[PDB]
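The data below hold one chain only, encoded as structure tokens and taken in the form deposited in one PDB entry.
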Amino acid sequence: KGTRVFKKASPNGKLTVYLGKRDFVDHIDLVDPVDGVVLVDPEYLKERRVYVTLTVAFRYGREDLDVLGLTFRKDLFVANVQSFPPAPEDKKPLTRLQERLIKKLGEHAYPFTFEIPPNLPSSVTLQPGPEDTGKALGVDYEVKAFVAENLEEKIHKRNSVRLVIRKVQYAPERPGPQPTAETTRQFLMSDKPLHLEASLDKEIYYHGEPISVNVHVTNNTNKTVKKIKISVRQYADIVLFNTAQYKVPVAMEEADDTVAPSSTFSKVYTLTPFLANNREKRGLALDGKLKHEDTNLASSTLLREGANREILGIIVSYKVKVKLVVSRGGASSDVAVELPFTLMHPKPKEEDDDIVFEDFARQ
């Protein structure tokens, strides 16, 4: 308990905002609330009020809240709280962190609580580059605290604090049958099959976790498997405005292993999709800004029966592909299968204040 609390203050520091976390987990049933505090000394411009707002928007044209550049923006969730003078005391339920963060701080510490409803798109940004006919687009969760009389008043950069948290998505490992796929090929002039079977240890991976592909190849043919190629692909379907389907390998193992004619083979391959490598070039769905060590490869969007597909903005999903490349000595054919999995965000923690400030900024 050297408790980390992330602080950001006004450019001219009358307003300062504190949060317990920058990332807020979605456990499919309900999101971690945004419990925070606003520390303002009632002397500056609109000596009536300070407000805090949560905005969830899909944006296209840049990736921030900007005027020059924003070509499309679909609003997905907005919440406005009046944090000075305390509005009617029906949403008094405080949290254990908030109480520390008004006791440790002055009488000028006023809390806010945001509840994100389930089924929103998690944070996502996608960077089209060379290959594309498009520019930055993504989903942001923007917390903005600003002083005003009015709240129809034009907000002051002088008066504002603005900090982009992430809503990251978690799924629990559900056991059962693991992913499997298989195919059988018969090539010209023979009825001897080449059979490929693959399997992943799990369904629900978490960032950084390795994935173990179990491979079985029954080659009854007269042909040799020249190489084995295991790969991970991200597919990101833009569903809003300028639709597009992108596809990007994010892991690749092309081993020199061979299946000789009328033989069989099995080997468990392990590779991990990273993005750390060359920081993704173009077209890759990240869950954050490329510039931050903080951010991952996006998590898979979780779909439901009856779900409205388009208001999710980008549909993100991953598959493993296992390719056998076939030939015989001295126009060569390939036998492959594909297996989906769910890439998710790891949960951080299941392991008189001493509350100590971090400068809210991603590194």
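What we label the rigid core is the largest C-alpha set whose atoms superpose within 1.5 Å from one form to the other. Position 1 is the first residue in the sequence shown; the rest follow in order. Only residues modelled in both forms are compared.
The form deposited in another entry is left out here; the points below concern that form.
Core-superposed comparison between the shown form and the other one: among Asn80, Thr133, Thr243, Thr270, the single residue whose C-alpha moves by 2 Å or more is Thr133. Core-superposed comparison between the shown form and the other one: the Cα of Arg62 travels 2 Å or more. With the core held fixed, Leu45 shows a CA shift of 2 Å or greater between the shown form and the other one. Between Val124 and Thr133, the Cα distance is smaller in that other deposited form than in this structure, by no less than 3 angstroms. Note on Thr133 and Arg166: their C-alpha atoms are nearer in that other deposited form, a change of at least 3 Å from this conformation.
Fitting the two forms on their rigid core shows CA movement of 2 Å or more between the shown form and the other one over runs of at least three residues at 44-47, 61-71, 89-92, 131-135, 361-363.
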